[PDB]
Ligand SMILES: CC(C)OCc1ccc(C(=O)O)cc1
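What follows is one chain in structure tokens, specifically the form solved without the ligand.
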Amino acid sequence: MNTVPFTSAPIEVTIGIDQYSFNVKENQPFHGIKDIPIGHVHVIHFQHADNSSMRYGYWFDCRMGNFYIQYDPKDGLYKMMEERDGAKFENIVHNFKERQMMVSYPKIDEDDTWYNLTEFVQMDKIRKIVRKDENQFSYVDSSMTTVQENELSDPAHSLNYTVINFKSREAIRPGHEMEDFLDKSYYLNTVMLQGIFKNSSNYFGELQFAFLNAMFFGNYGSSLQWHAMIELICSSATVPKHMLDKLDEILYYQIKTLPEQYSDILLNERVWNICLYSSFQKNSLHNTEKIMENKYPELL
């Protein structure tokens, strides 16, 4: 059970840790989050009370170092930093815990929600999508654009999601124009799975990471990437049976976790209607179709 201490909370801010969130008052004696489950990536995230614009946050894994948060009054945000002195860090955390100045990561024992949302997400893959190699943790916010968005403008602050484009030479083999456009199986299985991701676990990890960036930061390019990865599978006649069964589970927990009030902006009508009712896999996503029909029948 690992800890992310905070130096202080000088500005009023809503703090998120994974799917949970807490309101902190300006200069409230808050010194961080304890009992964080080892074995998963986590995201700590922030929305200032005085500017509900720019949700921003840090992906991290406590196995990869000792991380803390400190407010920077110049750049005006909560920053993640690594503490390289193990004995200083253990002594900081022990003091804050003794003074009970930390909130406890509030996991219910029965509750597999976070595991289910991050099953295939690995920090090493996050750090290739979000490039800042001097840090072991990754910064994301509301406004960051994707490599794809930038092509259609500061490359250092980009989300390097795998580019998917159904009307690209990558997607369409010369002489198989109709076959490859109407059945995306070659693009999914040869180009993307065998070629770029190497395995379905990497493909699902990027899909889950795009979803979580869309939900937690309202990052629009992330939402595009999540829909494109779903559509590439649903539009393929030939998908391994284990991939369809696992996709059904992934999407079920994503739709279950989405706030009810954000379904208008975070779900693409065309993609979901096509995936559940017109696509090759219209009958392969039983759990997802049942939760979508019972929770969002207006969208469909």
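So that the term is clear: the rigid core is the largest set of C-alpha atoms that superpose within 1.5 Å between two forms. Throughout, we count residues from 1 along the sequence that is shown. Shifts are known only where both forms have a C-alpha.
The following text describes the form solved in complex with the ligand, which does not appear among the structures shown.
*Asks:* Classify as open or blocked. Procedure: superimpose site C-alphas, place the ligand with its pose in the deposited complex, test each ligand atom against backbone and C-beta atoms at 2.4 Å; 3 or more hits mean blocked.
*Replies:* Open pocket: the modelled ligand, placed by site superposition, has no clash at the 2.4 Å cut-off.
*Asks:* Residue 92 near the ligand in the deposited complex, any heavy atom under 4.5 Å?
*Replies:* It does: once the ligand is placed as it appears in the deposited complex, residue 92 has a heavy atom within 4.5 Å of it.
*Asks:* So in the deposited complex, does residue 110 come within 4.5 Å of the ligand, heavy atom to heavy atom?
*Replies:* The answer is no: residue 110 has no heavy atom within 4.5 Å of the ligand.
*Asks:* Please determine whether residue 191 contacts the ligand in the deposited complex, using a 4.5 Å cut-off between heavy atoms.
*Replies:* Taking the distances in the deposited complex, the answer for residue 191 is no, it never comes within 4.5 Å of the ligand.
*Asks:* Residue 183: heavy atom within 4.5 Å of the ligand in the deposited complex?
*Replies:* Answer no; every heavy atom of residue 183 is more than 4.5 Å from the ligand in the deposited complex.
*Asks:* Scan 59 to 96 and note down the residues that get a heavy atom within 4.5 Å of the ligand in the deposited complex; none is a fine answer too.
*Replies:* Heavy-atom contacts to the ligand in the deposited complex: 68, 83, 88, 89, 92.
*Asks:* Looking only at residues in both forms, which consecutive runs of at least three have C-alphas displaced 2 Å or more between this form and the one not shown after fitting the rigid core?
*Replies:* Run 96 to 99 stands out as the only one displaced between this form and the one not shown - at least 3 residues long.
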